[PDB]
């Protein structure tokens, strides 16, 4: 595992920007908003925002960090093994209802989203509506199926993880300073895959050895294909190499910003004590 990760990171680490993005101001504002509703956003997560959106304005970075905080709060609750299952179903259906204009925000997570400071001057932006549309899909096609499912093929995991990861909800943030939506298609899909492969690789030790969770590409691939971890790491390295080249070779604004997101996500995981 350790040698496989070393070889993987050495192959793909090509983050050209500062290891010290300016994050303090937006970290503080996001945490202040979280604390207003009794929620916690760990400061290290703000570094990810700084790494992945280095081309955004300060106000767009602020709202992006707020959206990442929403995803963190929800993942924290849904992935919590000690949270009662009925409470998870209640919060997931409530978020859908709130995001569908059917009910008031009545839980801390939706009160956070409903606050004037959530979206700042971007409350009526195309981004806001698309983030929320994609968050409904993340719940309906990602989180709800996952919390009812025990067995996964690799392909079933890939479909559920595409939604459950929330990556489709972050692509619109890349266009906050432009007022338009991303071009969804092969490049957002490749970005979703690259982010998830990196995340699953870095979380493998915690998932398998510490948390005893099977929800990880490498676990399901090893089961399905009867192979060892080193082999899957090699296979994923080849897949990521090909898809990341395809992302970098497109002269297309969505692909270019997805590339930054994949590069920044890799540097953040390399630096993190979490893994």
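Positions refer to the first chain, counted from 1.
**Student:** Please compare 157-165 with 76-84 and say which has the higher mean C-alpha temperature factor in the record.
**Tutor:** Result: 76-84.
**Student:** Out of 175-183 and 140-148, which one has CA B-factors that are higher on average in the deposited record?
**Tutor:** Result of the comparison: 140-148.
**Student:** From 49, 27, 214, 66, can you pick the one with the highest C-alpha B factor in the entry?
**Tutor:** By C-alpha B-factor in the record, 214 ranks first.
**Student:** Tell me which of 61, 34, 208, 45 tops the list for C-alpha B factor in the record.
**Tutor:** Within the set 61, 34, 208, 45, 208 shows the top C-alpha B-factor.
**Student:** Rank-wise, by C-alpha B-factor, drop residue 243 into the lowest, middle or highest third of its chain.
**Tutor:** Lowest third of the chain for residue 243's C-alpha B-factor.
**Student:** Just say lowest, middle or highest third for the CA B-factor of residue 95 relative to the other modelled residues in its chain.
**Tutor:** Middle third.
**Student:** Taking the chain's C-alpha temperature factors as the reference, tell me which third residue 19 falls into: lowest, middle or highest.
**Tutor:** For residue 19, the deposited C-alpha B-factor lands in the highest third.
**Student:** Looking at the temperature factor on the CA atom of residue 250, which third of the chain's modelled residues does it land in?
**Tutor:** For residue 250, whose C-alpha B-factor we compare with every modelled residue in the chain, the answer is the highest third.
**Student:** According to the PDB entry, is the CA B factor of residue 39 in the bottom, middle or top third of its chain, that is, lowest, middle or highest?
**Tutor:** Its C-alpha B-factor, which the entry lists for residue 39, ranks in the middle third among residues of this chain.
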